[PDB]
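Enquirer: Structure, please.
(8 chains, ligands or ions: 2)
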Amino acid sequence: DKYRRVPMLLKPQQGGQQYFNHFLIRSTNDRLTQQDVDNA
Amino acid sequence: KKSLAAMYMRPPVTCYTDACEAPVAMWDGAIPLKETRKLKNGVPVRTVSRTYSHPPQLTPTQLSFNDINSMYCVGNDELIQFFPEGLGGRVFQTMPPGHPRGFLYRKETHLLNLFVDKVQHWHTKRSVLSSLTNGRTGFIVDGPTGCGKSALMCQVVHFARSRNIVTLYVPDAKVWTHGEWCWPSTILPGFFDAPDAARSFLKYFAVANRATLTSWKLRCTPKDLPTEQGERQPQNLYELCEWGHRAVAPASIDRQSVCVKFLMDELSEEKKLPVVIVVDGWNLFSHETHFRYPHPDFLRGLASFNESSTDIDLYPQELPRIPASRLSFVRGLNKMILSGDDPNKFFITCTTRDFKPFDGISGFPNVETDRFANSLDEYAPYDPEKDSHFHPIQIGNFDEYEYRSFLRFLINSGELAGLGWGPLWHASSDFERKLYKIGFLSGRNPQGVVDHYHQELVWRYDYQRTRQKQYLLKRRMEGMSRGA
Amino acid sequence: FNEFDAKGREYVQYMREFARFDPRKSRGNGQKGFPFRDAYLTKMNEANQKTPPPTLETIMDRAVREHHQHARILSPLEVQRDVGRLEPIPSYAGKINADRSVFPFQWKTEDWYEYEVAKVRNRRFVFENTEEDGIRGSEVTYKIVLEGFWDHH
Amino acid sequence: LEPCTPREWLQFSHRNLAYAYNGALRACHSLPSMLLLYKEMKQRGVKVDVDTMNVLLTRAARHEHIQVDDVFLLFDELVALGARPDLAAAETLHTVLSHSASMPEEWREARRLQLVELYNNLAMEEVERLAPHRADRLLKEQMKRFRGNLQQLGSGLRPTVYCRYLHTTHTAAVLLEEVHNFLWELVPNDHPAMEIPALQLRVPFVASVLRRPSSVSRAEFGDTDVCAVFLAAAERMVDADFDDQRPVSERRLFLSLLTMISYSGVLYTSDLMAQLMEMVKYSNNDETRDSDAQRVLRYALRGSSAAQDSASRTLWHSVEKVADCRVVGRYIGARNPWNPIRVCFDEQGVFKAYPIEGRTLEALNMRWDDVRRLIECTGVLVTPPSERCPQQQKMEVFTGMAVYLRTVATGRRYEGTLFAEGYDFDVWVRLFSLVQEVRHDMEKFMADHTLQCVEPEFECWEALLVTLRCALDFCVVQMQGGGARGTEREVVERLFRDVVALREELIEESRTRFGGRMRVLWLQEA
Amino acid sequence: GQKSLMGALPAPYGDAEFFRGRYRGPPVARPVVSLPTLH
Amino acid sequence: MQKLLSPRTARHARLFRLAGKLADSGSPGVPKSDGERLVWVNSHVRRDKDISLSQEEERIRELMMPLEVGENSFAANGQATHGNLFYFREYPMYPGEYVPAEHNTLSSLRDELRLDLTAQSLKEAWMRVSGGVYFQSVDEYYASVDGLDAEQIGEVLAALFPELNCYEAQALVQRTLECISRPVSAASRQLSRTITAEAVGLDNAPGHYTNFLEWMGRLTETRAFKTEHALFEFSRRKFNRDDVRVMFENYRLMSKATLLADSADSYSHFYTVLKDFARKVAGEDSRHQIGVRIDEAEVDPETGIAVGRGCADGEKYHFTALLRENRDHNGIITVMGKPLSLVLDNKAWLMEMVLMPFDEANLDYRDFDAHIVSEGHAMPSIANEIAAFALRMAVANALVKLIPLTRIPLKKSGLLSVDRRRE
Amino acid sequence: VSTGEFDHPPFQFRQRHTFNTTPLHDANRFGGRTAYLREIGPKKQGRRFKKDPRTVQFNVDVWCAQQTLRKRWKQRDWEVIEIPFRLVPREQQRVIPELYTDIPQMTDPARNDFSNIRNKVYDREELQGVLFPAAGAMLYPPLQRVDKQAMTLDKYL
RNA sequence: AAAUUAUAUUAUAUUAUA
Ligand SMILES: Nc1nc2c(ncn2[C@@H]2O[C@H](COP(=O)(O)OP(=O)(O)OP(=O)(O)O)[C@@H](O)[C@H]2O)c(=O)[nH]1
Ligand SMILES: [Mg+2]
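Expert: Numbering: from 1, shown residues only, chains lettered A, B, ... in the order given. Ligands and ions are numbered 1, 2, ... in the order given. The structure is reproduced below:
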């Protein structure tokens, strides 16, 4: 129907906010691992 | 991507538990495959194996102290051999014919296993067994609903029948007390019988303990029993139960009464052979069976209904309810319990809390959606210390070790047998998130653990795999940008 | 700002009332002598509650980190969650004892059914003029109920 | 903006005013306007951020008329206002400290100690922060940056954060690499070293730079400071399961750690040697751990693998005992009985071979007399009780004797044969008298030290019980399985009755005595 | 929107990464799965 | 034939020693028998092994994830109909998340501060030595020669600083010349980043290239250049209603005499209005994020209980959650005196919504106790999704009141957001 | 908390036996108690009450009250015996108020017994000296209570 | 020939024939 009374934060329902910092630290770890691979 | 499934070979099938493996295309991403390199006829030897293996199928003699809070399995042929009666109320909900037959070895399971191990030669360790039971005839196991009560009853029936001990197993007491119909006893005046449950018991106990009941000579049994043409008079206890349960209706209805009476008479005289008696739901044998006494106008006789001063056809009424001690089976049981001349029978029993809920108000139960449709209509409180002559053992819910082992067995052995997610492993979360969430939802209650393992299908608010696939797709895109 | 919001000021007052509750001092107060349904019926269920100790995995997980790892496990109210700021570490972080008779409130339904009927039937069972101290106690009580068509009138 | 309507009150917080004032503070170009903006920021209630401290320290370091004590006082004011120091502000303060020599030397040393404390706190904070993410490479780069920052400041990282960082590791390679880093942080770069080719590392001699008192105490030695980190690495190798793409064996990892410890000249402590031969005791290689226990026992008896025999080693042996009760107990529990190597030493030189599948009574009698001579010459029971070592730890010698008799009785280790086959009858009679001698010595030791709480633990009691069970099984297989031979058969039945009586006595004592701690041994074997 | 010159100024002292309270732009979205190709 | 009950590994023995130390210390919950401690140690080792197995199977499952649409892999996200509905960020959301800074920028800022302090010290040393005044003529400005030659600065750096590399010494000479000329501005490096040598046309003339770069850098950081950039961005429609209102408020603060004194200059009267807009325009160096609200904690100092609210259908569902910290790790949730598994009839899809505010916060539920009071319409069962939505909002508001930084993920998940749908 | 049905379905178009839809008068609803109120065909005083909403709501309220009563009476494992004040135990030697008169009274807050006196149930075997003085033959046996301090299977002995 | 305005949901009806 018309969901105009529903907020914009509820319509996609973007959950999973806990994993983002873990993903960023894993990305930094993989960048340093790639730097270790390129040097040797 | 990296499958490693065409290279995977099947390990050799040793038991029934190893044969319960699905095809490799099912559990390829559910149970992932690792590669190892051993040193035989070369430095690399690529051996692809599974990360998870099935729990070991162990004989009860092989179960030890280090197997506490571990998982073991029983063969399907051992399941047919040791349990012809059946299992508990909800024990067989986790064993379809494809699944392995798994059991958790708890601390109380280890205690009862050593107890049954000492029962097997009781005349040497009689003072030890007296100190264990505190002089009582046996143990009654109580706790909240959905714990390991009936599962431990099947476990101790397995322990007793694996060591060649004569074992009485009532897998559900609600077929006796809360049965289909009640009939008065033929030779016991003032007593009653549950005929169908007695026929099933006389069949299954005989085919369970045929190894020792054939060597059981009849001591106090009349030899002038009624016998049809071509049938042999019973000389053994197995022959007595075969005379009892194998008959044509309605001669079996009185044959079971005579057989239960003389079987309980023959049990009460044996003082040298240990007989373990396991009852699931002793709290139903300690109070009134749901049958009531008939109205005396049924047996008095009527000429007509208009002028006979009767109201059986006009209005219903609730007569006094029949207690369990008026059943001949429980009469023989209480005769063995209360008479102190039997230092031979060990009553390792438990209670059931399978009853319907009531929390102050109650509407009518919806017939489609009702988890308690086969539940008992009792609502009565129970105290095992005051309502039973046995020593009470309190079983609570799972600690995190037993819950972790049980959930690991459930998830991984359901995906290995081709009954879990399988190819759809990428939609459900990993095992740590599932353990955390099911430990929230169940409170580590074992029936709640099984119910929420089945209800994991309809989880709406898990966002782990979505963010993981976003991160992996982004990493793939930046890797392809690095390649360009 | 103030200290608490509207519903937060309500439930902090209910804890101060139950901390000084004495049932013999609820002599003729009426329904104002009823001692905060949530915390009162929790105490009546202590025969069923029976506050358990921490589990064997919890006391092992902490004592490994306390002794074998030389880094104590601190409570979630001790975690410095703000990066770039040091927090003044409030004193209720680990000092609140975990007892099931105190919190959380779980009760028998028969006591809750008896509480809710007794609180409404004893509404006007109040003795106004008591021989006591100030604003509660008096000798005569006058109530003048004014009625008009507008609320500012 | 101070909000007046409730719509703009719903977007008002001092933590967001932190970001607003940070952006406006970075928008300014000079410190005279910046300090006025900061003063009206801190006069208002505003949570002070790390960005405020970063921009203030940087754009006050580059201002011309600034004295550096005002920089450090501004840092003290910002950390007093609730701003967490990060690595950027710490490096800014280190740069301002390094470029200040007109200040007096006491001020420079005070600020240097403050920066040492700050870098160690930041190192411990990053260790605790990057631990659960399994970020060992990123944490390795952060610890390398902290080591580079502290070696420029004339110090190093503390062994407490090294013990924590070794206890939070996941891979063994970075574990040995960080032990290597701690060993090289003490000595300068031109120090002599020894090369380990299995790890491709160079471990340096550390005892030349460690502090030593040469009445004297344990804390005055710097060898405890290094053996704490050695013990942290040893305990990490015990409890944690390492994840590697090509996993190394436990024997190779233990031998590499042992050569890394031994090639440094550090004085060994008690619990390090105890943990090392505890790892030797529960090893799975039957043909290897005898020489490993022999090597770690030589290390504990000498006390240090230094080439020269110094008086500091004598002072270290006078302060504490590296040859304590736990290492003798775990050595006797780690040795094999039928090993042709001698159990005890001769004049501390070497553990020779035995002068004689020989399973005679004289062999095990020489083994047991060697064990008793070892316990006598180490003097572990005659040591006085102290605060660091209790009387309870000396029961481990009796546990080691009990595990020795267990490995005599049954043939296997911790991981129809009911006992060790190929024995004689007098072997089991001598074994039963040895069980009685161990029980008598343990009862005498408990009777002597009754005034403090002295209990036997589970391992010695279960070992004595399974030796009596193996002797019972040997007796019942020789009695009714012997073929009715008459060769001292009444002596076999007498030994069987004595084994049954002593076993029932031990089971009833496990049920009754010691407060019911060993009730499960009554529940199992009865 | 249209192309402008904002952000193109040289930032003083090069410390544009340590300011963690900086403007991060509008929240971008990413695909959770690669859709199949059209051709 | 007889399994030994004793600890078989060194890890088992170390855990048994820890359990014995705990039992001798008198901790609540630690068993007193030895068989129970043995069971505890064996179960903890099995739990550690199972955690290692889960970590290894997740490591293997990361590489075989079906990132494309296939046989069993379905999108169903509305990526075909709507397209890219789930957001994703590559930056740590301050101050909820933390990623450590890269070492290259750290070392660059460290070396820049070192060179700036060394050049300032050498400039102050020459100012003390030369004796005060130093006037620069027009030909001295066109020759770009200061009081010190490059040779004198190189000799001073070689004499005073022994450990100094060649290129570092040449960069120090260049920075001392730049600091003795004017106050140093770090603007030539970023102009070398954004403008290459082939674009302007100097490929064989590096010296004139660096001269043009430093001239453009010293002309960039003026007030007039910032004012012209602000006017250019005002012409390019890069402002919202908030910036228009702030420019109006800054115009209203100027009186007429200050307006005349500012219009005496050509760029200052525009700059007084456009200061905030030029702060916004300057990019990630000077524009701040708005960010979610971070409030103060409203916790009872005696009981430690925070109070949160939740609503649904306007009138029907109202709930109030009281939240406390459990220090014995036995946390449980209760709704109107009954535990959550019996209020919602063991339904996983309703109790997962109550679990979700602890999940998005990266918090353990067993460290918190919660009781939820129903204030709306009382019904015999609240086992529906809208009541569970109200329960989730109540638990999330209680978590926000207890720990304030929990508002940073919980507002991003939409758990603190109220919809207005009635019947 | 209970999840059974309490309200009656409202009046609308005549429902059919489809998916998510039951007829308005079915034998599955309310145990078939709608058989009194149904019309099988697809006298005004016997036809108007089957279509009134207040009538059918009152009838289902009566039936739910009957269900609540039979479930509350099936909970009873006791009976009320009028015992004099002298022979009663010490917890009942107080002034017990009537139902819904005062606060729900704890049993004994001094002896650490916080439970409702109205829910207290006493054993029959402990009151044989009070209930049966005329028999004198001990008609009920004494209740065997387990020794909590005895070393049994529960305590690893 | 696209954008979607589109509400959509399910049920009923007649002198079968009195
Ligand atoms: N295999 C196995 N399953 C177990 C074990 N313990 C609990 N369970 C599971 O827990 C559920 C509960 O089993 P029951 O013993 O019948 O539950 P209960 O305690 O008797 O509950 P009530 O019948 O209501 O009294 C079963 O369905 C099992 O699946 C165990 O030790 N081994
Ligand atoms: Mg059951």
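Enquirer: Give me the distance between the residue most central in space within chain E and residue D:6.
Expert: Centroid check for chain E by Cα atoms, centre = their mean gives residue E:25 as the closest residue, at 6.0 Å. Distance from residue E:25 to residue D:6, counting by Cβ to Cβ, to the nearest Å: 29 Å. Quick note: C-beta positions are derived from backbone N, CA and C, even for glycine.
Enquirer: In chain B, mark out all the helices, start to finish.
Expert: Under the criterion DSSP state H, chain B contains helices at B:76-82, B:107-119, B:126-133, B:150-162, B:195-208, B:210-213, B:237-245, B:251-269, B:296-300, B:328-338, B:400-416, B:431-442, B:446-454, B:464-483.
Enquirer: Flag every residue of chain D that's near chain G.
Expert: D:511, D:516, D:519-520, D:522-523 (Cβ under 8 Å from any Cβ of the partner chain).
Enquirer: from the helices of chain B, which stretch is densest packed?
Expert: helix B:150-162 (a mean of 25; mean count of other Cβ atoms under 10 Å in any protein chain shown).
Enquirer: ok, and does that one reach over to ligand 2?
Expert: Yes: residues of helix B:150-162 contacting ligand 2 under Cβ under 5 Å from the ion: residue B:150.
Enquirer: Once you drop chain neighbours, what's closest to residue G:29?
Expert: Spatially, and ignoring its direct neighbours in sequence, residue G:29 is nearest to residue G:22 (6.9 Å; Cβ to Cβ, 6 or more residues apart in numbering or on different chains).
Enquirer: Please name the residues that touch residue D:467.
Expert: Applying Cβ atoms under 8 Å, 6 or more residues apart in numbering or on different chains, we find residue D:467 in contact with D:402, D:405-406, D:408-409, D:431, D:435.
Enquirer: between those residues, which is closest to ligand 2?
Expert: Set against ligand 2, the nearest of these by Cβ to the ion is residue D:406 (43.4 Å).
Enquirer: What distance do you get for that closest one to chain B?
Expert: Residue D:406 is 17 Å from chain B, where distance means Cβ to the nearest Cβ, to the nearest Å.
Enquirer: so which helix or strand takes in that residue?
Expert: helix D:395-409 (DSSP states H and E).
Enquirer: Contacts for that helix, please.
Expert: D:325-326, D:328-337, D:364, D:371, D:375, D:380-381, D:413, D:419-420, D:431, D:434-435, D:438, D:441-442, D:445, D:454-457, D:459-461, D:463-464, D:466-467, D:470-471.
Enquirer: Check stretch B:347-355 too.
Expert: By Cβ under 8 Å, 6+ apart, stretch B:347-355 touches B:89, B:112, B:115-116, B:137-142, B:144-146, B:149-150, B:152-153, B:156, B:173-174, B:276-284, B:333, B:337, B:375-379, B:382, B:384, B:390.
Enquirer: Counting only strands, which of these make the cut?
Expert: B:138-142, B:276-279 (DSSP state E).
Enquirer: Between all of these, which two are at the greatest distance?
Expert: Using Cβ to Cβ, the pair of the ones in strands among the contacts of stretch B:347-355 lying farthest apart is B:142 and B:276, separated by 19.0 Å.
Enquirer: now the residue nearest the centre of chain A: how far from chain B?
Expert: Closest to where the C-alpha atoms of chain A average out (Cα atoms, centre = their mean) is residue A:20, at 3.8 Å. Distance from residue A:20 to chain B, counting by Cβ to the nearest Cβ: 7 Å.
Enquirer: quick one: which helix or strand includes that residue?
Expert: helix A:19-39.
Enquirer: ok, how many other residues are close to residue C:125?
Expert: 13 (other Cβ atoms under 10 Å in any protein chain shown).
Enquirer: Just to check, it is in contact with residue C:29?
Expert: No: judged on Cβ atoms under 8 Å, residue C:125 makes no contact with residue C:29 at a distance of 9.3 Å.
Enquirer: helix/strand/coil for residue G:34?
Expert: helix (DSSP: H, G, I helix; E, B strand; the rest coil).
Enquirer: State the number of residues packed around residue F:161.
Expert: 12.
Enquirer: Also the one 5 residues further on?
Expert: Burial of residue F:166, expressed as a neighbour count using other Cβ under 10 Å, amounts to 7.
Enquirer: Quick check: the residue of chain G nearest RNA strand H.
Expert: residue G:13 (3.9 Å; Cβ to the nearest atom of the strand).
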